[PDB]
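The following block contains the structure, expressed as structure tokens.
Chains: A, B, C, D, E, F, G, H, I and J, in written order; residue numbering restarts at 1 for each.
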Amino acid sequence: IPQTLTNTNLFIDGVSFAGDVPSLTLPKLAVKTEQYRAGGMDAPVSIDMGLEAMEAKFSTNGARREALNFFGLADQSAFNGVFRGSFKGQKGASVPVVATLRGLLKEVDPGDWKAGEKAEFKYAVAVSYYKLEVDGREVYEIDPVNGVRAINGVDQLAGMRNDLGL
Amino acid sequence: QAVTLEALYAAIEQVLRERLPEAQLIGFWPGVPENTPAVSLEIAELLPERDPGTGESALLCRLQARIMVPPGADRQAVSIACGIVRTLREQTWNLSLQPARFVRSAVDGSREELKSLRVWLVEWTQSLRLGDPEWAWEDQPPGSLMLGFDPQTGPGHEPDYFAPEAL
Amino acid sequence: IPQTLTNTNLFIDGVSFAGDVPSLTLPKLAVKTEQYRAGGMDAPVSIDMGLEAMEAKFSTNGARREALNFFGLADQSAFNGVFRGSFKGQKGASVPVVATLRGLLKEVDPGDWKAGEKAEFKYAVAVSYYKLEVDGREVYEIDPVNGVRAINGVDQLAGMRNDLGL
Amino acid sequence: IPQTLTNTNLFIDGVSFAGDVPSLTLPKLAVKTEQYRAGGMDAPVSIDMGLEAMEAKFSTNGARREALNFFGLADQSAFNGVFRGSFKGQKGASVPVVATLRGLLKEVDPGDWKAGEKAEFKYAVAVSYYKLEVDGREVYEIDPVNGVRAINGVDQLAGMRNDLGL
Amino acid sequence: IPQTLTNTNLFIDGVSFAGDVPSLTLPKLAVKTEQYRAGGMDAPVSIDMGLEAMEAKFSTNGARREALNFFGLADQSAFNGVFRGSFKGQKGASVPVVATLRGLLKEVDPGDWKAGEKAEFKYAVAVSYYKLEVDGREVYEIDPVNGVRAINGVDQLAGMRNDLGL
Amino acid sequence: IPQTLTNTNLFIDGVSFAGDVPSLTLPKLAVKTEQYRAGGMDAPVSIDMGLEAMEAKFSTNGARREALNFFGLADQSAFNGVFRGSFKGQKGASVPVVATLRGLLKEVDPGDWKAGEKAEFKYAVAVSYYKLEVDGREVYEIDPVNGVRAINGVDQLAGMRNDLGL
Amino acid sequence: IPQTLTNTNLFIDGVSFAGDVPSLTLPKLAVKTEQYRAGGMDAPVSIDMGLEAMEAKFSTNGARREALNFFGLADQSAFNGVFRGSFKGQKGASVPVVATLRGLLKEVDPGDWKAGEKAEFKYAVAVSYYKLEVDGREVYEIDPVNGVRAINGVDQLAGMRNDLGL
Amino acid sequence: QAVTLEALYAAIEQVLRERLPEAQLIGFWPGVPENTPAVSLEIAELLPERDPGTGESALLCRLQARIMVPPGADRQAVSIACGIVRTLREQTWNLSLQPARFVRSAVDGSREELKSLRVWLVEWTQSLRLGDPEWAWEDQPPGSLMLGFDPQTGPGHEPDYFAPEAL
Amino acid sequence: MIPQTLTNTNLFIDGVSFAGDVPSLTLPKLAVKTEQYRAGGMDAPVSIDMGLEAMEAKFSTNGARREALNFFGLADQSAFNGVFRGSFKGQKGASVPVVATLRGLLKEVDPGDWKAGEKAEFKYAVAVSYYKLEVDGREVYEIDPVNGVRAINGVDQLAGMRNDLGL
Amino acid sequence: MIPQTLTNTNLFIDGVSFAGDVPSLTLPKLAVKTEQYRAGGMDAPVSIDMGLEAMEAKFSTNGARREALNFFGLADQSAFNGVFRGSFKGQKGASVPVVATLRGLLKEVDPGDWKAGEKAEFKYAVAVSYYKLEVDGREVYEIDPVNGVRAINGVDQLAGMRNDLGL
């Protein structure tokens, strides 16, 4: 059965934007691949190199001052924010999905102001720390620094930091 | 397991009698507007959808509610109509369905009799996977697999090997 | 609650264009980021470098001579202009937003003249000084020269000019 | 009040194309800017370098021979043309706008001839001299050679030609 | 008054394609310009260098064998063709426009064959010689080799071939 | 009179796909031109260099196994196929057009499988040998190797292979 | 007769996603061609070099945790999955097509979450091993490493690995 | 071999009498709603399609089912209507056709007589390749091909060679 | 064999981790000082090993890593100690470590052009004396210039020409 | 002739297949040490063959191929043995093998810059002594520097100038 989303909440630093957050986009997680064909092969296999960058793009529709003031701070990973969502499928079992993130709010975009429409500001955060819990337990935990790429509890770079001494 | 239209008709009647005590009578195919605050559910149209990959036929049904009221109580029927719309935002009717999509609510002119003049059509759509899934490809259970080797091959001597065996 | 904008005023040098300014676009403020992955990390963190350039694009619909005459001046930051706006939300509490800016009016674009439509000239100012006050108090104060990037009162480059002697 | 254009006339060499000139586009005037961030600054200021090129694109809808014959001449600035327009706003005060220009007619474009439609030839002149008078008096006077960039009467390169001896 | 085209005829080598030539496109004639700003100037003047290439694109809708057989010939300027047209404006005075051309038929494009539509083959000729007579007398006569760029009778490269000895 | 196509047949190796071949695209034949302006000329003439590559793109709508099995063969020009068509114009005189080709089937593209639509696989053959007979006799015969570019019977590279000894 | 698809099943590791997999895209198989024209030829023949990379893009519409947990694993070719399909044509003879694949799940894309629609996550697997059986028997068997490009049973690189010693 | 419209009318009547025992009478052009649970098939419209490359004319016919029922048994006719929709997901009617495309199902107002008031239109489309294929180009069988050489050429002496010959 | 590439990297200097700012390393190019040799009775020279040459091991950082600037031009040459770690993950999961212990003179601090909006990239270089590369903990290279240690894969390749010079 | 290019490649070192990590090879550039010669009674010099020069056969891998790092700078020069296989498939199917047996000194291990997100590319080089290229199993080149063997296509091109030096 498909999962229709029902509830949406966004935090920035604890302040409830429950309500006026009409659109939100979590970062697409992309493995840095490379089409690799060596000697004894014809089709290229693809090899991980890590992830690429992570941009999350929510778009609030007010002159906020509670989300505007996290643009251009002297420290990255100061804007954090916590998303909360609720997909509802399979006989009312609404699974609680949260997606808490962290990083530099890299772009604040006020749209066209044609004197009578809504506000619809646009935002984009260059996510460093990204933590996605679907139904309580962990799914994606991506800390770029310290190399803590962890899938559903197990750390996929546990074998790497022992080799690198981290 | 899977849903039935009669399972859908019983649960929409069931929940709407709990939430609306001002609605005296919410029947799924009644007639005869016998008293003032009556609500008569209907079926408008059942339409196709993106067919899933199993034997279920995806159908979204334009469900329809008609709020029968004598004229002069138009505001008393919008308060009934606002009770139905506030239900339909998350409502799956406790039946393994998708949440219902609210469509419109307005006063209409029925083809039927107009002694109870004022009626408010409240219609909404919700998808249905009616029927059983159907398997088509392969029906070979875990009890049947034997895995021999190259010298132990042929109709003379059978490959004497089961997949659950020693450790 | 969302904020529907209600009133719009644009100044150029004090002259009230209240009325015929149908479209206006404030500069999107973009941090100059860089996808940075060093040794002990897999996903790239993004590091500020400052801001990128700021273009504000309003489009008046008359042959003005009060906005046309600020094109191609021998000095940049001579065109300044002051925007005034009014978002109205949360029980008639119309928040007064102003966005005063400054810079070279870098492009004057007359559209197609198909003999019978409106004028709809188009403009673009390469904003140097940008000051956004939402509800009286400061939000964004971006002075590029002298390095005065200030968020809601505090100067985020106060630690930088002490290091550089400015 | 907005200004709806009412009358349109185009000259080429004096010959009245009043009537069949359905579309006309004056050159967008663009300052040659450059995103300049030096040492003591974070956001880039933009500095003029002069203007960029100027193309005016009118599109007559006949086999002319009075506008076709100015293509590919051995001298540039031989095609000149004078536009005349009339925006009408603010209680019938029709402001007379003229935009006389000059330059090489750099492209003559006959469209598709699908045997039954109009002609709609297309033209493009690489404007050298450009003179825009809105309501009698001068607005934009752009002579590229001799450096005579003049805004509403004053010559913005008067300080430059004294330095260069021109 | 605008000029609605009425009659269309295309020749290839004399064979009358009067009728089934639904679309035809004469070559757009483009001066090879160059945005030239030298020392004592700010905006770039544009200087001719000659013309650029000339493609004429007609699209007949049959399996011809009378236009197909001029593809890929061992000699360029073997396909010539003569267009004939007739714009009708100003009290039935149908001006006879002809556009005779010449060059390599550089592309024959059969479209999608979805089993039941028309044919609509497509063609493209890299025009060398191009001669456009509007109302009997000459307008554009472009011979690339020998440098015979001639506008309405006068040869604009008469001063060039005396310098080059041609 | 235009030529509406009526019948369509495709062979692969003799197997009749008469019926389910909804779309088919013959290779557009393009002369490898080059805008060539030498000394004594202004507009660039275009010179043949040969043809460019030839892709034919048919799209059958079934899981075939009679066209799928010609992908990725160890020899090019193993997939050949013969198209047969029939344009009908000029009083029922249906001209028989065939277009037999040959080359590597360079791409097999199964589309989106959204569980309920048609199949619509897509194909693309890098055509080497291409032979187009319109109404019995030859039009285009393009053999790339051995240089046998032949137009309506005569070989346009007969003068070339005598010079090259082929 | 065309083949309308009827049934669709996707496995990931055995877990039946029969049902909620609305869209699925098998990898387009593309020969790495090269337009090759040597000395004695005019049109370029195309030569195989092997295949290019293979991306399969299915898009489930739930917060899965049974497909999400195969992103970013430390080993490629750990996500495998088995597709099952059923085209139905020619008097109810539903041909069983399966397409089992294997490779790194290179991208997990959650869409816009506009608070009330479906989920529609998007996925992309950089397929290494690809095996397509149409009606029981083999069609495409592409193992990139070990060079096992096999078409309908026969290995097209059997002559290559004898030369390379693999 | 190829299909006929009379072959289509017989098979849709044939299968629907097996799956629907509550439907008393499924005729392809009946009238006279003589009893309660009747279903009257129809033809709404036959439309063109993408013409295949042979002599068949591609046609998709809006087939149409009308479920006649006396009023007061509206729910008893949706259960008939749900039986038709669950059929049409994979159904080719055993006739070398494409599977039928379900379109809609709703209560309508007929032009005909309304003694049996309540009717439910159930319409669906399915493509048809009616007619024979037609060959046009060349009719030269394998029995006729002789392949001579350069000296064995001319109307004087015939090219004495068959294509099936020795090994 | 498995496809195996470089993924991540690390640098230590006297124990101090550079876990945050190393964009690039460079292991020292081990090359034999080949003197091509054609003599009487042959052609196409045969390239006798004469020994190695100098081993500069460049790297770069783009912060104020003062803990890396303190080792430039000290009185004790070969007092810059440091490892060039790096893991090769392969395709089948577990990563193969490559570490490279260095001991040399930091002979170059090359601060980049400061274009005020780009990176810094303090490019360095160490003319190392001692050099020990490991793969999965297994030894491959011991290169000690003084006291004559060239031990390829643990077995000393100069020991036969060290007990004759009497070292 | 048929259009025939390189498609795939392989590398062996002492029997060990590098079937997984070789992005590039380089066969040794066979070049004659041409000494241009203009003398009395001519012009436009005539380029007498003097012999070959040194034959470095570079290649690169991007994993921790320690089985290729063990052969750097050993005591036995010309102990690196290895073949540079490669098949040319042509256009008409069957592939023509090209193998190249080597025997030389691994005189260079050049580890690339480790930019932490790119490949590794351990570029190598072998100044080979012995060199034997084959095409479809047929001999073309025997290049042995010492003991004077230059055998082009099986026939020895230095045998006339080896039985006069008395080798």
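To be clear about the criterion, a residue touches a chain if its C-beta (ideal position, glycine included) is under 8 Å from a C-beta of that chain, and two chains touch if they have at least 3 such contacts.
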Given chain F and chain I, the chains that contact each of them: G, J
G-H or E-F, whichever has more C-beta pairs in contact: E-F
Repeat of the G-H interface, chosen from E-H, B-G or A-B (over half of contact pairs identical by residue number): A-B
Identity of the chain that, by mean CA position, is farthest from chain B: J
Most central chain, judged by mean C-alpha position against the global CA mean: G
Gap in Å, rounded to a whole number, between the CA centres of chain H and chain B: 31
Inter-chain centre distance, chain B versus chain D - centres from mean C-alpha coordinates, in Å: 65
Whole-Å gap between the CA centroids of chain D and chain F: 49
Geometric centre distance via CA averages, chain J-chain H, whole Å: 70
Shared-contact residues (touching 2 or more other chains) in chain J: 3, 7-10, 17-21, 89, 91, 93-95, 116-119
Chain H residues counted as touching two or more neighbouring chains: 50, 52-53, 89-90, 129
Chain I residues within the chain G interface of the complex: 3, 89, 91-95
Chain F residues within the chain B interface of the complex: 114-116
Chain E contact footprint on chain H (complex, rising order): 50-53
Chain A contact footprint on chain I (complex, rising order): 1, 3, 5, 7-10, 12, 17, 19-20, 85-87, 89, 91, 93-97
Residues of chain B touching chain H in the complex: 5-6, 9, 28-29, 43-48, 51, 55, 57, 59, 111, 130-131
